[PDB]
$ cat structure-v8.txt   # compact mmCIF, N, CA and C atoms and all ligand atoms
# COMPACT_ATOMS: atom_id res chain seq x y z
N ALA A 1 4.33 15.73 5.90
CA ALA A 1 4.94 14.43 5.59
C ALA A 1 4.56 13.45 6.70
N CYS A 2 4.56 12.20 6.32
CA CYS A 2 4.27 10.94 6.99
C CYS A 2 5.64 10.28 7.17
N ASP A 3 5.90 9.96 8.41
CA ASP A 3 7.21 9.34 8.72
C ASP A 3 7.50 8.08 7.93
N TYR A 4 6.54 7.33 7.46
CA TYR A 4 6.69 6.09 6.69
C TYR A 4 5.59 5.93 5.64
N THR A 5 5.99 5.50 4.45
CA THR A 5 4.98 5.32 3.39
C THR A 5 5.14 3.94 2.77
N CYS A 6 4.01 3.26 2.79
CA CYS A 6 3.77 1.91 2.28
C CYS A 6 2.71 2.17 1.18
N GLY A 7 3.26 2.28 -0.01
CA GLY A 7 2.42 2.55 -1.19
C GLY A 7 1.73 3.92 -1.02
N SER A 8 0.50 3.83 -0.54
CA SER A 8 -0.38 5.00 -0.29
C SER A 8 -0.80 5.20 1.17
N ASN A 9 -0.26 4.28 1.96
CA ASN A 9 -0.50 4.26 3.41
C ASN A 9 0.67 5.04 4.02
N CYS A 10 0.28 6.25 4.34
CA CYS A 10 1.14 7.28 4.97
C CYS A 10 0.84 7.12 6.46
N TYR A 11 1.92 7.10 7.21
CA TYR A 11 1.89 6.98 8.67
C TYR A 11 3.02 7.75 9.38
N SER A 12 2.58 8.56 10.34
CA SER A 12 3.47 9.37 11.18
C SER A 12 4.08 8.35 12.14
N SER A 13 5.21 8.75 12.67
CA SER A 13 5.97 7.92 13.62
C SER A 13 5.09 7.74 14.86
N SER A 14 4.34 8.73 15.28
CA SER A 14 3.48 8.60 16.47
C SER A 14 2.61 7.35 16.30
N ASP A 15 1.99 7.23 15.14
CA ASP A 15 1.12 6.12 14.74
C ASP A 15 1.92 4.84 14.99
N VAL A 16 3.12 4.90 14.42
CA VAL A 16 4.05 3.76 14.51
C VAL A 16 4.27 3.41 15.99
N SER A 17 4.48 4.42 16.82
CA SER A 17 4.70 4.16 18.25
C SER A 17 3.60 3.34 18.90
N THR A 18 2.36 3.73 18.75
CA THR A 18 1.15 3.12 19.31
C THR A 18 0.66 1.77 18.79
N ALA A 19 1.39 1.31 17.78
CA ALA A 19 1.13 0.03 17.12
C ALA A 19 2.08 -1.02 17.70
N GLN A 20 3.35 -0.67 17.65
CA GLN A 20 4.36 -1.61 18.18
C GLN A 20 4.17 -1.70 19.69
N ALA A 21 3.92 -0.59 20.36
CA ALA A 21 3.71 -0.55 21.82
C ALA A 21 2.66 -1.56 22.33
N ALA A 22 1.56 -1.50 21.58
CA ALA A 22 0.35 -2.29 21.75
C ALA A 22 0.68 -3.77 21.69
N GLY A 23 1.22 -4.13 20.56
CA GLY A 23 1.69 -5.42 20.09
C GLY A 23 2.80 -5.98 20.96
N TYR A 24 3.45 -5.09 21.69
CA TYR A 24 4.54 -5.52 22.58
C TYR A 24 3.92 -5.86 23.94
N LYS A 25 2.86 -5.16 24.32
CA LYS A 25 2.22 -5.48 25.61
C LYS A 25 1.62 -6.88 25.43
N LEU A 26 1.01 -7.20 24.29
CA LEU A 26 0.43 -8.53 24.05
C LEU A 26 1.56 -9.59 23.96
N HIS A 27 2.70 -9.08 23.51
CA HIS A 27 3.84 -10.01 23.41
C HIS A 27 4.27 -10.25 24.86
N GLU A 28 4.26 -9.25 25.71
CA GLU A 28 4.68 -9.41 27.12
C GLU A 28 3.82 -10.47 27.79
N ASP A 29 2.52 -10.23 27.85
CA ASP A 29 1.54 -11.14 28.45
C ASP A 29 1.57 -12.56 27.84
N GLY A 30 2.15 -12.74 26.67
CA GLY A 30 2.28 -14.01 25.98
C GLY A 30 1.00 -14.46 25.29
N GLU A 31 0.12 -13.49 25.21
CA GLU A 31 -1.19 -13.71 24.59
C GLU A 31 -1.17 -13.57 23.09
N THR A 32 -2.06 -14.22 22.37
CA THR A 32 -2.14 -14.15 20.89
C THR A 32 -3.62 -13.95 20.54
N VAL A 33 -3.78 -13.12 19.54
CA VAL A 33 -4.95 -12.59 18.85
C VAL A 33 -5.10 -12.67 17.34
N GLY A 34 -6.09 -13.23 16.68
CA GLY A 34 -6.16 -13.22 15.22
C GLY A 34 -6.24 -14.62 14.66
N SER A 35 -6.66 -14.64 13.40
CA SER A 35 -6.80 -15.92 12.66
C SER A 35 -5.35 -16.36 12.43
N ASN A 36 -4.57 -15.36 12.03
CA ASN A 36 -3.14 -15.38 11.74
C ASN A 36 -2.39 -14.92 13.01
N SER A 37 -3.09 -15.07 14.11
CA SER A 37 -2.73 -14.77 15.48
C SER A 37 -1.50 -13.90 15.69
N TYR A 38 -1.63 -12.59 15.76
CA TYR A 38 -0.54 -11.61 15.96
C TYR A 38 -0.56 -11.18 17.41
N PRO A 39 0.57 -11.00 18.05
CA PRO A 39 1.93 -11.14 17.57
C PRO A 39 2.51 -12.55 17.51
N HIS A 40 3.48 -12.70 16.65
CA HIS A 40 4.22 -13.92 16.36
C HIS A 40 5.58 -13.54 15.75
N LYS A 41 6.57 -14.39 15.92
CA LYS A 41 7.90 -14.11 15.34
C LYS A 41 7.86 -14.04 13.82
N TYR A 42 8.65 -13.07 13.38
CA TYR A 42 8.95 -12.63 12.02
C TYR A 42 10.43 -13.04 11.91
N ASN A 43 10.67 -14.08 11.15
CA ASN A 43 11.96 -14.68 10.90
C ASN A 43 12.91 -13.95 9.98
N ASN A 44 12.51 -12.97 9.20
CA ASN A 44 13.46 -12.27 8.32
C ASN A 44 13.81 -13.11 7.09
N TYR A 45 12.84 -13.84 6.53
CA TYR A 45 13.04 -14.68 5.33
C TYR A 45 13.43 -13.79 4.14
N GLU A 46 13.12 -12.51 4.20
CA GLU A 46 13.41 -11.49 3.23
C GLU A 46 14.83 -10.96 3.42
N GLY A 47 15.21 -10.81 4.68
CA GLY A 47 16.49 -10.33 5.15
C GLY A 47 16.87 -8.88 4.98
N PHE A 48 16.23 -7.97 5.66
CA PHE A 48 16.54 -6.53 5.57
C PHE A 48 17.68 -6.26 6.56
N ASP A 49 18.69 -5.49 6.20
CA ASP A 49 19.80 -5.24 7.16
C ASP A 49 19.41 -4.17 8.18
N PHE A 50 18.85 -4.70 9.25
CA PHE A 50 18.35 -4.00 10.43
C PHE A 50 19.37 -3.76 11.55
N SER A 51 19.20 -2.59 12.13
CA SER A 51 19.90 -1.93 13.23
C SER A 51 19.67 -2.69 14.53
N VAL A 52 18.42 -3.07 14.66
CA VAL A 52 17.87 -3.81 15.81
C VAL A 52 18.34 -5.25 15.69
N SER A 53 18.39 -5.89 16.85
CA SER A 53 18.84 -7.31 16.86
C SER A 53 17.72 -8.27 17.22
N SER A 54 17.57 -9.29 16.38
CA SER A 54 16.59 -10.38 16.47
C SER A 54 16.70 -11.06 17.83
N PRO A 55 15.67 -11.76 18.28
CA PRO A 55 14.38 -12.01 17.64
C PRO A 55 13.24 -11.00 17.50
N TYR A 56 12.91 -10.71 16.27
CA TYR A 56 11.92 -9.82 15.70
C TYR A 56 10.48 -10.30 15.73
N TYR A 57 9.47 -9.43 15.70
CA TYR A 57 8.06 -9.83 15.74
C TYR A 57 7.04 -9.08 14.89
N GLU A 58 6.32 -9.85 14.09
CA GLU A 58 5.26 -9.42 13.20
C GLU A 58 4.09 -8.87 14.00
N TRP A 59 3.50 -7.78 13.58
CA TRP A 59 2.37 -7.09 14.22
C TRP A 59 1.85 -5.97 13.28
N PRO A 60 0.56 -6.16 13.00
CA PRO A 60 -0.25 -5.31 12.15
C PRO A 60 -0.55 -3.89 12.61
N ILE A 61 -0.46 -3.02 11.62
CA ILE A 61 -0.68 -1.57 11.72
C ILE A 61 -1.72 -1.22 10.68
N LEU A 62 -2.82 -0.70 11.17
CA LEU A 62 -3.98 -0.29 10.38
C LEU A 62 -3.92 1.21 10.06
N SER A 63 -4.21 1.54 8.81
CA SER A 63 -4.21 2.92 8.32
C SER A 63 -5.33 3.83 8.82
N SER A 64 -6.26 3.22 9.53
CA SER A 64 -7.45 3.88 10.10
C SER A 64 -7.09 4.57 11.42
N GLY A 65 -5.89 4.26 11.94
CA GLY A 65 -5.50 4.91 13.19
C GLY A 65 -5.67 3.97 14.38
N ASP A 66 -6.56 2.99 14.27
CA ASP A 66 -6.68 2.11 15.45
C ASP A 66 -5.66 0.98 15.28
N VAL A 67 -5.54 0.40 16.46
CA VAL A 67 -4.68 -0.74 16.80
C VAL A 67 -5.34 -2.03 16.32
N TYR A 68 -4.51 -3.07 16.17
CA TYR A 68 -5.01 -4.39 15.74
C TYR A 68 -5.67 -4.84 17.07
N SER A 69 -6.86 -5.34 16.86
CA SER A 69 -7.73 -5.84 17.93
C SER A 69 -8.49 -6.97 17.26
N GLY A 70 -7.78 -7.98 16.80
CA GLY A 70 -8.34 -9.15 16.12
C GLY A 70 -8.78 -8.74 14.72
N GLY A 71 -9.37 -9.66 13.99
CA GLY A 71 -9.86 -9.42 12.64
C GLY A 71 -8.86 -9.27 11.51
N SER A 72 -8.96 -8.15 10.84
CA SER A 72 -8.16 -7.73 9.70
C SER A 72 -6.80 -7.05 9.91
N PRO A 73 -5.79 -7.77 9.43
CA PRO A 73 -4.40 -7.30 9.51
C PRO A 73 -4.11 -6.26 8.44
N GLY A 74 -5.00 -6.23 7.46
CA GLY A 74 -4.82 -5.28 6.33
C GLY A 74 -3.59 -5.86 5.59
N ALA A 75 -2.55 -5.05 5.48
CA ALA A 75 -1.37 -5.57 4.77
C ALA A 75 -0.04 -4.98 5.19
N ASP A 76 -0.05 -3.85 5.87
CA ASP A 76 1.19 -3.16 6.32
C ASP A 76 1.61 -3.71 7.67
N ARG A 77 2.77 -3.45 8.23
CA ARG A 77 3.18 -3.98 9.55
C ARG A 77 4.50 -3.43 10.12
N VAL A 78 4.47 -3.44 11.44
CA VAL A 78 5.48 -3.00 12.38
C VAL A 78 6.21 -4.20 12.99
N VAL A 79 7.52 -4.08 13.07
CA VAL A 79 8.34 -5.14 13.66
C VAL A 79 9.32 -4.53 14.67
N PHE A 80 9.09 -5.05 15.85
CA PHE A 80 9.79 -4.78 17.12
C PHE A 80 10.69 -6.02 17.32
N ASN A 81 11.22 -6.10 18.51
CA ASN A 81 12.11 -7.21 18.88
C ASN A 81 11.78 -7.47 20.35
N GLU A 82 12.64 -8.23 20.96
CA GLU A 82 12.47 -8.56 22.37
C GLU A 82 12.68 -7.31 23.21
N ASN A 83 13.50 -6.34 22.85
CA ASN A 83 13.54 -5.24 23.84
C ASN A 83 12.82 -4.05 23.24
N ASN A 84 11.61 -4.27 22.77
CA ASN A 84 10.75 -3.24 22.15
C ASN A 84 11.40 -2.16 21.32
N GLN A 85 12.52 -2.40 20.70
CA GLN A 85 13.33 -1.56 19.84
C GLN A 85 12.64 -1.72 18.47
N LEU A 86 12.58 -0.66 17.70
CA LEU A 86 11.92 -0.77 16.37
C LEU A 86 12.92 -1.13 15.27
N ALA A 87 12.55 -2.22 14.62
CA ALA A 87 13.29 -2.81 13.51
C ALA A 87 12.68 -2.24 12.24
N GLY A 88 11.41 -1.91 12.12
CA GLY A 88 10.89 -1.37 10.86
C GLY A 88 9.41 -1.35 10.58
N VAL A 89 9.10 -0.94 9.35
CA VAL A 89 7.74 -0.82 8.79
C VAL A 89 7.72 -1.57 7.45
N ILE A 90 7.28 -2.83 7.41
CA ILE A 90 7.31 -3.53 6.10
C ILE A 90 5.89 -3.72 5.56
N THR A 91 5.77 -3.82 4.25
CA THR A 91 4.47 -3.98 3.60
C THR A 91 4.28 -4.90 2.41
N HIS A 92 3.24 -5.71 2.34
CA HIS A 92 2.96 -6.60 1.21
C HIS A 92 2.95 -5.81 -0.10
N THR A 93 2.25 -4.71 0.04
CA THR A 93 1.97 -3.69 -0.97
C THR A 93 3.25 -3.33 -1.72
N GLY A 94 3.23 -3.76 -2.97
CA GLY A 94 4.32 -3.54 -3.91
C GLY A 94 5.25 -4.72 -4.14
N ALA A 95 5.27 -5.70 -3.25
CA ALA A 95 6.21 -6.82 -3.52
C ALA A 95 5.37 -8.00 -3.98
N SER A 96 6.05 -9.02 -4.47
CA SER A 96 5.30 -10.20 -4.94
C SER A 96 5.25 -11.39 -3.99
N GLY A 97 4.14 -12.11 -4.10
CA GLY A 97 3.90 -13.31 -3.28
C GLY A 97 3.31 -12.93 -1.94
N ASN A 98 4.08 -13.16 -0.91
CA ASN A 98 3.68 -12.81 0.47
C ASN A 98 4.95 -12.05 0.91
N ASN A 99 5.43 -11.21 0.01
CA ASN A 99 6.66 -10.46 0.33
C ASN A 99 6.20 -9.24 1.11
N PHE A 100 7.18 -8.50 1.52
CA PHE A 100 7.09 -7.28 2.28
C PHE A 100 8.28 -6.46 1.72
N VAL A 101 8.00 -5.19 1.71
CA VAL A 101 9.03 -4.23 1.23
C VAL A 101 9.07 -3.22 2.38
N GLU A 102 10.20 -2.59 2.68
CA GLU A 102 10.23 -1.61 3.78
C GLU A 102 9.37 -0.44 3.30
N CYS A 103 8.78 0.27 4.24
CA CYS A 103 7.94 1.43 3.91
C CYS A 103 8.83 2.68 3.96
N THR A 104 9.09 3.29 2.83
CA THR A 104 9.91 4.47 2.62
C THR A 104 9.71 5.55 3.69
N1 LIG A 201 7.04 -13.20 4.81
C1 LIG A 201 7.21 -13.69 6.08
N2 LIG A 201 6.23 -14.26 6.72
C2 LIG A 201 6.63 -14.66 7.95
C3 LIG A 201 7.86 -14.55 8.58
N3 LIG A 201 7.77 -15.09 9.79
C4 LIG A 201 6.51 -15.52 9.89
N4 LIG A 201 5.79 -15.27 8.78
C5 LIG A 201 4.41 -15.60 8.51
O1 LIG A 201 3.59 -15.80 9.68
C6 LIG A 201 3.05 -17.05 9.70
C7 LIG A 201 2.76 -17.29 11.18
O2 LIG A 201 4.07 -17.16 11.87
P1 LIG A 201 4.99 -18.47 11.82
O3 LIG A 201 6.27 -18.01 10.99
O4 LIG A 201 5.27 -18.52 13.39
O5 LIG A 201 4.29 -19.76 11.42
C8 LIG A 201 4.16 -17.85 9.07
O6 LIG A 201 3.95 -19.19 8.70
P2 LIG A 201 5.37 -19.69 8.07
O7 LIG A 201 6.32 -20.04 9.34
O8 LIG A 201 5.21 -21.12 7.40
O9 LIG A 201 6.22 -18.77 7.20
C9 LIG A 201 4.41 -16.95 7.83
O10 LIG A 201 3.47 -17.32 6.81
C10 LIG A 201 8.93 -13.92 7.84
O11 LIG A 201 10.10 -13.69 8.17
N5 LIG A 201 8.52 -13.51 6.61

$ encode --input "structure-v8.txt" --output "structure tokens" --more "lines below"
Ligand SMILES: Nc1nc2c(ncn2[C@@H]2O[C@H](COP(=O)(O)O)[C@@H](OP(=O)(O)O)[C@H]2O)c(=O)[nH]1
Amino acid sequence: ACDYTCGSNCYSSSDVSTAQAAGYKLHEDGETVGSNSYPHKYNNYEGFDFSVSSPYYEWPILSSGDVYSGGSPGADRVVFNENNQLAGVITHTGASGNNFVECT
């Protein structure tokens, strides 16, 4: 089993660890990367009832195992907060518009 599933994108929690971690170091340095420049705040326009406390942050997770390093965000994503606490795994895949659904 994969700790989180976004459609067909199965991901172990370890994977999850190395994505948010990465994205949090870039958040620390205050640096931004990407056309859609990640990391950036994720406002919760969808409103999932999260354990973690806002302010939350959008950051891409690739199914290939590597970290976001510019380019393609793909469609799945990890959201941390200011104290690197994990709020979740949301994905475009399966919802409509530019929605995100939590990854089971
Ligand atoms: N679906 C969604 N997209 C978000 C959220 N927060 C940011 N984004 C996306 O990231 C883009 C870049 O981050 P931004 O929110 O800082 O601009 C946003 O432009 P928008 O603000 O117009 O939504 C939006 O398209 C959110 O809570 N939900």

$ closest_residue --input "structure-v8.txt" --among "A:46, A:103, A:84, A:61" --to "ligand LIG 201 (chain A)" --atoms "only C-alpha atoms and all ligand atoms"
A:46

$ axis_aligned_box --input "structure-v8.txt" --around "ligand LIG 201 (chain A)" --padding-each-side "5 Å" --output "JSON"
{"center_x": 6.4, "center_y": -17.2, "center_z": 9.1, "size_x": 17.3, "size_y": 17.9, "size_z": 18.6}

$ atom_distance --input "structure-v8.txt" --atom1 "CA of residue 62 in chain A" --atom2 "CA of residue 49 in chain A"
24.5 Å

$ atom_distance --input "structure-v8.txt" --atom1 "CA of residue 26 in chain A" --atom2 "atom C of residue 40 in chain A"
11.0 Å

$ residues_near_ligand --input "structure-v8.txt" --ligand "ligand LIG 201 (chain A)" --cutoff "5 Å" --atoms "all atoms listed in the file" --output "ChimeraX atom specification"
/A:41-45,98

$ select_by_dssp --input "structure-v8.txt" --residues "chain A" --states "strand (DSSP E)" --output "count of residues only"
23

$ closest_residue --input "structure-v8.txt" --among "A:7, A:65, A:94, A:60" --to "residue 78 in chain A" --atoms "all atoms listed in the file"
A:60

$ closest_residue --input "structure-v8.txt" --among "A:48, A:100, A:4, A:11" --to "residue 63 in chain A" --atoms "only N, CA and C atoms"
A:11

$ residues_around --input "structure-v8.txt" --residues "residue 38 in chain A" --least-positions-apart "2" --cutoff "8 Å" --atoms "all atoms listed in the file" --output "VMD selection string"
chain A and resid 23 26 to 27 31 to 36 40 to 41 58 to 60 70

$ atom_distance --input "structure-v8.txt" --atom1 "CA of residue 87 in chain A" --atom2 "atom C of residue 51 in chain A"
6.5 Å

$ build_atoms --input "structure-v8.txt" --residues "range 92-103 of chain A" --atoms "N, CA, C and O atoms" --output "PDB file, in the coordinates of the input"
ATOM      1  N   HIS A  92       3.240  -5.710   2.340  1.00  0.00           N
ATOM      2  CA  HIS A  92       2.960  -6.600   1.210  1.00  0.00           C
ATOM      3  C   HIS A  92       2.950  -5.810  -0.100  1.00  0.00           C
ATOM      4  O   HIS A  92       3.484  -6.122  -1.168  1.00  0.00           O
ATOM      5  N   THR A  93       2.250  -4.710   0.040  1.00  0.00           N
ATOM      6  CA  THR A  93       1.970  -3.690  -0.970  1.00  0.00           C
ATOM      7  C   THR A  93       3.250  -3.330  -1.720  1.00  0.00           C
ATOM      8  O   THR A  93       4.190  -2.720  -1.192  1.00  0.00           O
ATOM      9  N   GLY A  94       3.230  -3.760  -2.970  1.00  0.00           N
ATOM     10  CA  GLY A  94       4.320  -3.540  -3.910  1.00  0.00           C
ATOM     11  C   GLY A  94       5.250  -4.720  -4.140  1.00  0.00           C
ATOM     12  O   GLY A  94       5.969  -4.650  -5.173  1.00  0.00           O
ATOM     13  N   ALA A  95       5.270  -5.700  -3.250  1.00  0.00           N
ATOM     14  CA  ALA A  95       6.210  -6.820  -3.520  1.00  0.00           C
ATOM     15  C   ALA A  95       5.370  -8.000  -3.980  1.00  0.00           C
ATOM     16  O   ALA A  95       4.131  -7.913  -3.850  1.00  0.00           O
ATOM     17  N   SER A  96       6.050  -9.020  -4.470  1.00  0.00           N
ATOM     18  CA  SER A  96       5.300 -10.200  -4.940  1.00  0.00           C
ATOM     19  C   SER A  96       5.250 -11.390  -3.990  1.00  0.00           C
ATOM     20  O   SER A  96       6.206 -11.625  -3.239  1.00  0.00           O
ATOM     21  N   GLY A  97       4.140 -12.110  -4.100  1.00  0.00           N
ATOM     22  CA  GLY A  97       3.900 -13.310  -3.280  1.00  0.00           C
ATOM     23  C   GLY A  97       3.310 -12.930  -1.940  1.00  0.00           C
ATOM     24  O   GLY A  97       2.184 -12.438  -1.863  1.00  0.00           O
ATOM     25  N   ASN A  98       4.080 -13.160  -0.910  1.00  0.00           N
ATOM     26  CA  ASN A  98       3.680 -12.810   0.470  1.00  0.00           C
ATOM     27  C   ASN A  98       4.950 -12.050   0.910  1.00  0.00           C
ATOM     28  O   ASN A  98       5.493 -12.235   2.011  1.00  0.00           O
ATOM     29  N   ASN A  99       5.430 -11.210   0.010  1.00  0.00           N
ATOM     30  CA  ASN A  99       6.660 -10.460   0.330  1.00  0.00           C
ATOM     31  C   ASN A  99       6.200  -9.240   1.110  1.00  0.00           C
ATOM     32  O   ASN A  99       5.015  -9.011   1.313  1.00  0.00           O
ATOM     33  N   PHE A 100       7.180  -8.500   1.520  1.00  0.00           N
ATOM     34  CA  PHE A 100       7.090  -7.280   2.280  1.00  0.00           C
ATOM     35  C   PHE A 100       8.280  -6.460   1.720  1.00  0.00           C
ATOM     36  O   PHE A 100       9.325  -7.041   1.351  1.00  0.00           O
ATOM     37  N   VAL A 101       8.000  -5.190   1.710  1.00  0.00           N
ATOM     38  CA  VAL A 101       9.030  -4.230   1.230  1.00  0.00           C
ATOM     39  C   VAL A 101       9.070  -3.220   2.380  1.00  0.00           C
ATOM     40  O   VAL A 101       8.044  -2.999   3.052  1.00  0.00           O
ATOM     41  N   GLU A 102      10.200  -2.590   2.680  1.00  0.00           N
ATOM     42  CA  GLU A 102      10.230  -1.610   3.780  1.00  0.00           C
ATOM     43  C   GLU A 102       9.370  -0.440   3.300  1.00  0.00           C
ATOM     44  O   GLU A 102       9.275  -0.239   2.068  1.00  0.00           O
ATOM     45  N   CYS A 103       8.780   0.270   4.240  1.00  0.00           N
ATOM     46  CA  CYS A 103       7.940   1.430   3.910  1.00  0.00           C
ATOM     47  C   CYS A 103       8.830   2.680   3.960  1.00  0.00           C
ATOM     48  O   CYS A 103       9.286   3.045   5.060  1.00  0.00           O
TER      49      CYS A 103
END
